[PDB]
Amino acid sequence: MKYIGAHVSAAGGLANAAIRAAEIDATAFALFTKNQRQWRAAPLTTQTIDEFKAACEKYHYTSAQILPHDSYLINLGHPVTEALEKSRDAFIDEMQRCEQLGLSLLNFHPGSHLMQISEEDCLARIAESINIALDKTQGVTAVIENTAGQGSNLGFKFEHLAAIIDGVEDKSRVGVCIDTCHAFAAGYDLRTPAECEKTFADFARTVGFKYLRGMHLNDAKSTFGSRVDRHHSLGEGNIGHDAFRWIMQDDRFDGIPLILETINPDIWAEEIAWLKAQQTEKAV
């Protein structure tokens, strides 16, 4: 099976994310569990947890279908001790909120080095940030998202994800999410099926499909290898529809949240339906 949705708004409460995913007929969704531009939030109440779990059950969303995203403030590779520890505290908190809400995955961008430490030292700080969070929680997998590679952000090479995974000690609770816009911006071509196979053969050899826990399905307003992170609606950008035809037919993308982060949410329902229809058996 494939699970297909979008990063929907949590405005008004977390249960509203499940309701909004249902309104666009998604079979997966993403959300922020708290304000993505703040370091902390009110503790979850038993009421808020209960309302959120009841909505997930009502609308047929198990934890295997939900891919929360961490905040924009967290840098798990930060070169300054105080800021690294602030980020590790907030990331632990994000993982704890996920456990309390019945979730099992947490998608995050890995970190950035600010040109103050080497890439390899930054990657090792990120791995150890994951190790700390995993030692303090249960049941939640740290899902590293690849990036476009703006500024001093890492995660734009598959080798970055693999170097982090190598430093994580409990490999049963680490994985990756491939964002197609980020990969294209970073120079992994996706414009034909043959280029998709090339790119994911590189992914297989460096990271491994063993670790694939989600996808973000985004076309790209930016150009090939621009290293600029700007999404587009599926098939309106520089990737085109073919990569998403190919993903929907390939079984290496089964069983995981496939999450739209496309720029026009008024056509999310259309995009979800288009993705689902690709799975219908077509005559010769």
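In case it trips you up, residue 1 is the first one in the sequence shown, and so on.
Participant: Mean CA temperature factor from the deposited coordinates, higher in 226-234 or in 35-43?
Facilitator: Higher mean C-alpha B-factor in the PDB entry: 35-43.
Participant: Look over 45-53 and 236-244 in the entry and identify the one with the greater average Cα temperature factor.
Facilitator: Averaging CA B-factors over each stretch, the winner is 45-53.
Participant: Taking the Cα B-factors listed in the entry, which of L275, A269, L260, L14 comes out highest?
Facilitator: In the PDB entry, the greatest C-alpha B-factor among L275, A269, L260, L14 is found at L14.
Participant: Reading the B-factor column of the entry, which of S87, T81, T147, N107 has the highest value at its C-alpha atom?
Facilitator: The listed residue with the largest C-alpha B-factor is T81.
Participant: Where does the C-alpha B-factor of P193 rank in its chain, lowest, middle or highest third?
Facilitator: Middle third of the chain for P193's C-alpha B-factor.
Participant: Against its chain's modelled residues, does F184's Cα B factor rank lowest, middle or highest third?
Facilitator: It belongs to the middle third of the chain when residues are ordered by C-alpha B-factor.
Participant: Sorting the chain's modelled residues by C-alpha B-factor, tell me whether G102 ends up in the lowest, middle or highest third.
Facilitator: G102: CA B-factor falls in the highest third of its chain.
Participant: Taking the chain's C-alpha temperature factors as the reference, tell me which third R205 falls into: lowest, middle or highest.
Facilitator: As the PDB entry reports it, the C-alpha B-factor of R205 lands in the highest third of its chain.
Participant: Going by what the PDB entry lists, where does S152 fall on CA B-factor within its chain: lowest, middle or highest third?
Facilitator: Its C-alpha B-factor belongs to the highest third of this chain's values.
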